Structure formats: C-alpha cells, structure tokens
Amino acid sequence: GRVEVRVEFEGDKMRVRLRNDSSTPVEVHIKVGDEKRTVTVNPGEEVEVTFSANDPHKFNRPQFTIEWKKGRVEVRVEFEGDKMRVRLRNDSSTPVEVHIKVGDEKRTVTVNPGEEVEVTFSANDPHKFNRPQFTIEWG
C-alpha cells in the first residue's frame, strides 16, 4: 500500500493531490482554519482538493487524516517562522513508513501504532515549503 499526498500553495490556494496506490478505499480529511474537506479516494484514483483564503496565512496549520475502513493516520503541518514541523500520529494496528519531500530535503520515518513523530525542516528560503509532499506506506 501507498497513499501519496502532494500540497501546492500557488497563491491564495492550497491545492492537495491525493493518490491511493493501494487495494482498499481510503477516506481523507483536510482541515485549514474553519474549512474541513473530505473525499473518498478509490484504489488507483487521484483526487484534487482545493482550499481558498484571501489571507494565505490562514493555511499555517493544515491537518490531514487518512482513514481505512478502523485505521487512521493523522498528519499536522505547522509553518512557524523559517521552520516546517510535520507531526505524524499512527492510530492503526500496523507500522507505516512516511516518506517526506520538501524541496531538496527527503526524509523517511517509521511510525508504530500509538507513536507520534515530529520532524522539523529548516528554510533559508520559505519558498522551499511551497510544494511539500508525503507518502504513507503499509502492506
């Protein structure tokens, strides 16, 4: 299994592309401020989710929840100063590799059931954090 989540912050828009390269349908929840969007991604399927905000600063702390039907992986991104914090919580019965890609930086962490992992990324240039992407891998 693999669920690919790509984010682009092109403008007043957060685009999220979700690919389910696994054999079970996943439900994906995204929260940014007052707006929550929710989508089923069937096996093989790609879905685009787009938030708008006049003030693009309201996209500071987006949360992603992948549900398999229990089984949830929660991913919170906190853009604070020159740093991007990524907090991964695994609430399933099985470990998950999370591969993270922010500009040049590539980073892989295992997350066992009931573990929370925080990875911090640095930027010389806050435009490094404009197209962050993460993949959750299971079995």
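In case it trips you up, residue 1 is the first one in the sequence shown, and so on.
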What size is the break between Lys69 and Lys70 in terms of deposited sequence residues left without coordinates: none, 1 to 3, 4 to 9, or 10 or more?
10 or more
Check the entry's C-alpha temperature factors for 52-60 and 100-108, then say which stretch has the higher mean.
52-60
Highest mean C-alpha temperature factor of the two stretches 122-130 and 8-16, which is it?
122-130
Compare the CA B factors listed in the entry for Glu80, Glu27, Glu74, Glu35 and report the winner.
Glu80
Going by the recorded CA B-factors, say which third of the chain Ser92 sits in, lowest, middle or highest.
middle
